[PDB]
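Starting off, we have a lone chain in the form deposited in one PDB entry, written out as structure tokens.
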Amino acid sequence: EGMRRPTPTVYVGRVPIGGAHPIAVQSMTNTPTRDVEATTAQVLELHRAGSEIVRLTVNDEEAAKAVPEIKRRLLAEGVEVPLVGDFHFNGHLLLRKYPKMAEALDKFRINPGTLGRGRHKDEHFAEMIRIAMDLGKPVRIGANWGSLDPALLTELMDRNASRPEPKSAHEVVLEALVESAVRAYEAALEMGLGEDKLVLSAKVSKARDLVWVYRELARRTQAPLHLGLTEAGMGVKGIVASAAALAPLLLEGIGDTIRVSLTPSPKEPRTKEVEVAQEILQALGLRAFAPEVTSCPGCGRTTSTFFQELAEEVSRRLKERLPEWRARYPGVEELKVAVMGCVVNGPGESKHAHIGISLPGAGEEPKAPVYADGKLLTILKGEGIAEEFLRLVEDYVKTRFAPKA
């Protein structure tokens, strides 16, 4: 905001993807697809966490047979989340053999590096595109440098070698990835697949490379782009790498749906990737999913236990109130609340939030000004400052986000 790269709109089920539409969050299950109970449950969990589209692997016949049942069960729950089928090597076979699965999916993902080789590859690709066209389904053509077509790389390495100034092998691999996606995009369009039925991706695992790749894809094609840093890994590394890779592109207006490719720790839920995706988009002002807290790090000017506990309590309370607030108070997802440690940046940061509190740091009288809408609202003192503040936030929301219209 802004400006978005303009693109045609591609509907993935009821969710529109493209330049005129909010950037969508999506995620992918990790249960065996043949396990209908486990996969249905996880799709629900991911959707409830904020995944607007959910992808599942459709890797073998047993998975393919399961898809119509999963979709049936989701619909029985009144949940219309679009499902993307992830196909590799035998997608043409499964789509051919299981038309009920083909119809149940809301989008097909093809990888131009896992279609086979030679004219087998061309025919496999054409069959899947033909099936999509016949059913009116959209397709993501998704290249990944982990599965890059070796024949194409060879072609480009030779082209490069003849150049007056040849590029490194690494630059050529990135070129080939882009070329793999662009050639398949152009082929699909030439076969009759609509511009309203084509999404592209070309993922790599390092941020700097990803920025290069998606700038090229954005320039060379008109399609909405599925953006993600592939194989981002574990823990803080996976979170940081993902945000670092996506933000430069998103700030330039590139990307129409995102997925965060975290490796879960055994103890953490699959939904973490959805939480990260939401935070990336909200950090950049591109979506508003829920209220957020701006808080200083705290330093020697404030008492650490009190301040850290206050900031945590405020974050926890906003999370708890949200289901009620969403129902009563349109627009509350945009709420910004500040919790600040001392007079140095307290009042100023608080006056930039919708409502904020500045605690007394060292050398200050034990009172805590509260600011709302850019000016002083009141001053709190004594015990229970946390609870008094949260009541003020509650009152603030009731008034600022009152419905009607």
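Numbering starts at 1 and runs along the sequence shown. Only the largest set of C-alpha atoms that superpose within 1.5 Å between the two forms is called the rigid core.
The form deposited in another entry exists for this protein as well; it is not shown, and the discussion that follows is about that form.
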After rigid core alignment between the shown form and the other one, the listed option with CA shift of 2 Å or more out of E312, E216, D209, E195 is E312
Taking the rigid core as reference, does the Cα of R163 move 2 Å or more between the shown form and the other one?
-> yes
Comparing between the shown form and the other one on the rigid core: C-alpha of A151 shifted by 2 Å or more?
-> yes
For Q282, is the C-alpha shift between the shown form and the other one 2 Å or more after core superposition?
-> no
Did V274 and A311 drift closer or farther in the other form, going by a CA distance change of 3 angstroms or more?
-> farther
How does the C-alpha distance between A386 and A49 change in the other form compared with the present structure, closer or farther, given a change of 3 angstroms or more?
-> farther
